[PDB]
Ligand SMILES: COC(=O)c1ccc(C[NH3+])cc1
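Starting off, we have a lone chain in the form solved without this ligand, written out as structure tokens.
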């Protein structure tokens, strides 16, 4: 239909971002494909975006999956989502030095914890070892969250708009 011809709607974008993370991480977890997706919020991720390959791409579960396929140019690092775009892939993030992080967790988890210690980003990790999905926020790790738990956290942290009249002009950034 005609809606979408002239712009996009922030709450549609936010729910689509959540759905894209949920579907891609489920797809990857079932197949034991590791992944690392960091969603920028109020704290900028711009410097870490610059360390990766720029994509500036529309968000989809399909593109997120294709990025993380092992042994490919884009898989070795973080995807960073900024606004309504996959900004970069194969980005560096700071590694946490915390001795509280379990030694059985790998670089993706330590990078997710590291970025969470210095930004307000929300970061999602898929373990290649177990398929467990984890999330970091504010220096804390939520390990092996269920699909229901992941859904509730993503809604609370990434949706900032309630049920209201749709408009391409809402909450401009």
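Positions refer to the first chain, counted from 1.
One more form of this protein exists, namely the form solved in complex with this ligand; it is left out here, but the text below deals with it.
At a distance threshold of 4.5 angstroms between non-hydrogen atoms, residue 18 is in contact with this ligand in the entry with it bound. Residue 153 falls outside the set of residues with a heavy atom inside 4.5 Å of this ligand in the entry with it bound. Residues are counted as partner-facing when one of their heavy atoms sits within 4.5 Å of this ligand in the entry with it bound; in 69 to 102 not one qualifies.
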